[PDB]
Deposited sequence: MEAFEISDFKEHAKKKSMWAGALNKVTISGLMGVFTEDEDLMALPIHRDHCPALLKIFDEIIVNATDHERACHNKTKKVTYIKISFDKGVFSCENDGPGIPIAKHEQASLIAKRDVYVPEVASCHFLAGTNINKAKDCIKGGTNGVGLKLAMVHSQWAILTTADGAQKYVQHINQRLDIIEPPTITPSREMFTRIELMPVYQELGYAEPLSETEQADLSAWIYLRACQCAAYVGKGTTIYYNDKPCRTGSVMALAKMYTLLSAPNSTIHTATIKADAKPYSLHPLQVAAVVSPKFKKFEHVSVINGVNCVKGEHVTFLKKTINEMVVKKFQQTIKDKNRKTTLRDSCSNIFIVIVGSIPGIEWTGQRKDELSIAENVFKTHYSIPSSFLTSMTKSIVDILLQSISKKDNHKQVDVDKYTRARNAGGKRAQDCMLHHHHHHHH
């Protein structure tokens, strides 16, 4: 009755690692769909497997982490190329590869030669963020993300090149089969992850049905677009070799409001702080205010992660509400004030935590914002004007 699991078997069975391991209703699930030349972010009203979307997310975030790590180095990440076709998922970045070197600790443990990329891909609780600096703005921390991808893959190929050498390793059958790597001379420099998920075990058809394929493609496309607003100005994001043309919070904002409120006004702000480390990390905001928005809604990309809850949002909500209360009273709750707002927040916040491995919710003291950050008054004033206009109509 009292059983002992290993990581591998536990990760295949337990929702704690990446969420539900079958299809469920995911609140606010969205994808990108192409209408003509327009990108449109649209709700996907079908159940999907959270753990499946997470494995994609884990590799995408590994790539955006490498971009942040290299942005102030000589050798940079210039591209992240994400592909999805015939059920196969791939993510490729340039910049320095994963070190092609024996890992001593790992080699002693396994009583054989294990190289760093094998530890990166097959060893649980392992990576370069195990001792994360209080100021680190990478999403990486747990040393788990890539191994979960592997464990939810029927086959996987890791390829990395360090400018001197190339390293190819096959990991198959949910991490049960770790093939010895193939190492050859090379002057290329990149890292590619390629895999086929265990769709059947995760509640999908094999191969994917038409709707499953279209939903997943739309979802991944939108994550790529979110990634492209986050990443530094020297990096291009591709989805199936097409550049993602959403390098700004404005572009995201329009894409999410194209159907609901086209030809609308976009309030913008860069939210800054005076003290390091916060002062290194401005937050870009775009917001739309429309009477045909039903409730408050936000899209957050923080430290490369598409989280759905955090005090960063609350900070904007309350600040806006305070002003909207005043200006309304003069002219004539936190929900009344904000139910017509759709807002996009993109940037880095150092020293945050999370509520789980999935990073759906960031964890922080509200007072970080009160103490350190100010929202430009022009943005507050603009938003208050538009909100109050709408409040004066319904009354009238």
Missing C-alpha runs, given along the deposited sequence, first residue counted as 1: 1 to 2, 335 to 341, 406 to 442
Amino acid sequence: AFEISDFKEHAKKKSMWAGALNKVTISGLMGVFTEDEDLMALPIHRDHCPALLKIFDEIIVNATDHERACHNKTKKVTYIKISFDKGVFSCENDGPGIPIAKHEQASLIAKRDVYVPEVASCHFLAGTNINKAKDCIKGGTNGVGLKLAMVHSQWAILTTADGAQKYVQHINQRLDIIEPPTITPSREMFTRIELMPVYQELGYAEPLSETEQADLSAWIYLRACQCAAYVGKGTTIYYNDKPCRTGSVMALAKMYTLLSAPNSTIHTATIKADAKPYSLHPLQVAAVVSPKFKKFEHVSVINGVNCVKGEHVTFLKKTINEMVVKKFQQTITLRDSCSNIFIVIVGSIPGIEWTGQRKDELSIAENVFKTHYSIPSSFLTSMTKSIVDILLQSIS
From here on, numbers count along this sequence of modelled residues.
Between the two ranges 300 to 308 and 322 to 330, the one averaging a larger CA B factor in the entry: 322 to 330
Per the entry, higher mean C-alpha B factor between 339 to 347 and 36 to 44: 36 to 44
From 315, 124, 115, 155, residue of greatest CA B-factor: 115
Peak C-alpha temperature factor (PDB record), options 197, 145, 277, 181: 181
Chain-relative CA temperature factor third for residue 385: highest
Lowest, middle or highest third - CA B-factor, residue 92: lowest
Where the record places residue 270 (Cα B-factor, split into thirds across the chain): lowest
Ranked against its chain, the third holding the CA B-factor of residue 221: lowest
Entry-reported Cα temperature factor of residue 371, expressed as the chain third it lands in: lowest
